[PDB]
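Listed next as C-alpha cells is one chain, alone, in the form deposited in one PDB entry.
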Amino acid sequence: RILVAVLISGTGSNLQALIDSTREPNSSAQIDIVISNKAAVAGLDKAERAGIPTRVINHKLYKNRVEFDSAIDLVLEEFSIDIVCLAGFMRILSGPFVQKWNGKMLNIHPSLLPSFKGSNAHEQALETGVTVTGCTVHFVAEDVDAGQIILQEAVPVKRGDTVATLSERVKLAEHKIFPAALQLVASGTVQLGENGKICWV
C-alpha cells in the first residue's frame, strides 16, 4: 500500500474525494497524513472525521520558502510518505523540494493547462469567454510550466455561469480525475520517464 500525504489550504473537497477512493477495496494507496499551511480550514475536519492525523505548518511563521518546505519535508519523512498530492495547496514549492519529490508529487489545477495558469483560473476563464474549461492533474516540475500532465477532463462553460457555478461544475470533474490519477501513479501504471516525459505501462 503506497503511503500518501495530501497538502491543503482550504475546504478539502478534493481531499475528501481522495479519502473515499483510497478507502475503496482495490486502492493501491492510503492517506497517512494531511498537512495544511492554514489552521482552522474545513479540510482539516474532513481528515480528522476520517481518522487521519493532521499538522498545520503555517508558512507565515517562516522566513522563506526553503525553511517552510523543510518543515513540511520533516513530517513527510516522519511518515515515510511515498506520494504527495497537492489538493488546494496554495503555496509555491521551492525547487529543491520539487526536485526531491520529482515524479512523486501530483497537483490538481482547475483549468485545462496550459490555459489559465495561476490562481483564479475560473475567473480568468469567464473574463476570457471560453465555452470549454476543465481541470488538470499533473506532476509538479521545477517550473510550473513543464509539469508533466497525467489526466484532464474538459468541462463546459454555460453562458449564465458565475464563478460559483462554474467552479462547482469543475470540482465535480476534479474529484473524478485526481483519484484516478493517484491510482494510476500509485499503482505504477504512470511514471515520469528518464527523459522527464510521462510514461504508461
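Residue positions are given as counts along the sequence shown, with the first one as 1. Think of the rigid core as the biggest set of C-alphas that the two forms share within 1.5 Å after superposition.
Not on display, but discussed next: the form deposited in another entry.
Remark: with the core as the superposition reference, the CA shift of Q191 between this form and the one not shown stays below 2 Å.
For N26, the Cα coordinates differ by under 2 angstroms between this form and the one not shown after the core has been superposed. Once the rigid core is used as the reference frame, the Cα position of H59 differs between this form and the one not shown by 2 Å or more.
Wider separation of the C-alpha atoms of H59 and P110, by 3 angstroms or more, is seen in the other form than in the present form. In summary, the C-alpha positions of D145 and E168 converge in the other form, ending up at least 3 angstroms nearer each other than in this conformation.
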